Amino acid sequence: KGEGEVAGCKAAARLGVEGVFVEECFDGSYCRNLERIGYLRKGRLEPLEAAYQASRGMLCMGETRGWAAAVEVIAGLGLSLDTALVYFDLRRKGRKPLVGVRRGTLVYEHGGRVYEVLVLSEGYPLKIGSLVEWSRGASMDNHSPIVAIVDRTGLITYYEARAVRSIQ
């Protein structure tokens, strides 16, 4: 090209067939951070963490910056726009989530408790039953059952959902 745009990014990454790969670290502490909490391991960034750090403007994906870069990883890797949002929100709040083993779930530890968040989206009905077996599910693994609802506009609400045999 002529002049790469590296000013303002704390690192630069390319989008492969499966995964984001960090090619340049401009702020060492930043990368070292993204290794201590486990998101970035040997250049390989976890797709949501990669969409996230894009949306803070801290991670360039070539010549693409910010949310245009977030959308890139997101669409590219086949992520879910709402999950990513609940993730960002959770990252912004000081949590470090990972992908739970169940469809539509995010897992994160805090204050000696592991929290399992199910992401649901206005317009996408689900059986009450399912909500129950999931919460059950969740409780059995020692996670606190969390539900995050993102309405049609992008607003996010959080609710603990605990299944029980008898009220108490």
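Start at 1 and count along the sequence shown; that's the residue number.
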{"item": "Mean C-alpha temperature factor, higher of 105 to 113 and 120 to 128", "value": "105 to 113"}
{"item": "129 to 137 or 57 to 65, whichever carries the higher mean Cα B-factor", "value": "57 to 65"}
{"item": "CA B-factor ranking of residue 43, expressed as a third of its chain", "value": "highest"}
{"item": "Third of chain Cα B-factors occupied by residue 6", "value": "highest"}
